[PDB]
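J.: Here we go, the starting part of the complex in its complex frame:
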Amino acid sequence: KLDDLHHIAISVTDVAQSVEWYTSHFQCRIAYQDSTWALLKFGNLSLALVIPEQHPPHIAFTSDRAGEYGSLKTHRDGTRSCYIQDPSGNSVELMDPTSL
């Protein structure tokens, strides 16, 4: 039972400009969008386009042991996750599968 990626947040310089580009190149759906970040649903996961000042980039995994690495925070959408960094300084989020 391999852990899954849940979503990847990459830095962009202009959210509307990015959403225009990704949706014209890729078969995807705009799940959420304002002026500081956007979320694009793909078939196997979702891609957040983020202004790093407003929403830092990161990669999120599901983990049965997310709690063992940090205290789970509850988000407005009802899911639970915590953040850590890998040895390089990359932001890694561990989603609580039970909160999905």
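T.: Sure, I can see it. Residues are numbered from 1 along each chain as shown, chains lettered A, B, ... in the order given.

J.: in chain A, which spans are strands?
T.: A:5-11, A:29-33, A:37-41, A:46-50, A:58-62, A:73-74, A:80-85, A:91-95 (DSSP state E).

J.: Report the beta-bridge partner residues of residue A:39.
T.: residue A:32, residue A:48 (DSSP bridges).

J.: who's in contact with it?
T.: A:7, A:30-33, A:46-49 (CB atoms under 8 Å, 6 or more residues apart in numbering). Using the backbone N, CA and C atoms, a C-beta is placed for each residue, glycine as well.

J.: sorry, back to before: can you add distance to residue A:22 and give the strands of chain A back as CSV?
T.: Converted to CSV, the strands of chain A look like this (distance: least, CB to CB, whole Å):
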stretch, distance to residue A:22
strand A:5-11, 10
strand A:29-33, 9
strand A:37-41, 6
strand A:46-50, 7
strand A:58-62, 17
strand A:73-74, 28
strand A:80-85, 24
strand A:91-95, 21
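
J.: Compare the ones you listed and give me the one nearest residue A:19.
T.: strand A:37-41 (4.9 Å; CB to CB).

J.: So which of the contacts of residue A:39 is surrounded by the most neighbours?
T.: residue A:49 (24 neighbours; other CB atoms under 10 Å).

J.: thought that residue was touching residue A:10?
T.: Yes - the pair residue A:49 / residue A:10 is scored as a contact, 6.6 Å apart, by CB atoms under 8 Å.

J.: Extend the structure above with chain B:
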Amino acid sequence: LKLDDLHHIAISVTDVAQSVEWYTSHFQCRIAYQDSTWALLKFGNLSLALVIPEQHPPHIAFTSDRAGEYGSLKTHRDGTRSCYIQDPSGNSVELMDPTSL
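T.: Once chain B is put in with the chains from before, the structure reads:
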């Protein structure tokens, strides 16, 4: 109608050996490939690549029925094919020919 997939992500790390240890410790994932310049970790729904940026550039790869419409496809040693374009912010984007997978 049918959504495209993210096929893999390659993120920059400072040290491939240590990064492999960390990810394989924190997550249920399989090492699929590894050298001193990069590694490929198999998760459930895609693969994660850990690259030294100066050897293998970080990028996100998507499967696309129209990959060849955006750039000339390149058959890689492993048989698969893909082009590389750039998003407005300069993020490297690889498009995979689904028939080559």
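
J.: mind redoing the contacts of residue A:39 now chain B's in there?
T.: Neighbour list for residue A:39: A:7, A:30-33, A:46-49 [criterion: CB atoms under 8 Å, 6 or more residues apart in numbering or on different chains].

J.: Try it again at 10 Å.
T.: For residue A:39, the contacting residues are A:7, A:9, A:19, A:29-33, A:46-50, by CB atoms under 10 Å, 6 or more residues apart in numbering or on different chains.

J.: repeat for residue A:25
T.: Listed by CB under 10 Å, 6+ apart, the contact partners of residue A:25 are B:4, B:62, B:64, B:66-67, B:69-70, B:85, B:87, B:93, B:95.

J.: Equivalent analysis for residue A:30, please.
T.: By CB under 10 Å, 6+ apart, residue A:30 lies in contact with A:19, A:22-23, A:38-41.

J.: switch to 8 Å and redo it
T.: So residue A:30 contacts A:19, A:23, A:38-41 (CB under 8 Å, 6+ apart).

J.: wait, which of the residues you listed is closest to chain B?
T.: Using CB to the nearest CB, residue A:41 is the member of these that lies nearest chain B, at 6.9 Å.

J.: What is the burial count for the closest one?
T.: 15 (other CB atoms under 10 Å in any protein chain shown).

J.: Then the one 3 residues further on?
T.: Counted with other CB under 10 Å, the burial measure for residue A:44 works out to 16 neighbours.

J.: Against chain B, how distant is it?
T.: Remark: distance between residue A:44 and chain B (CB to the nearest CB, to the nearest Å) = 4 Å.
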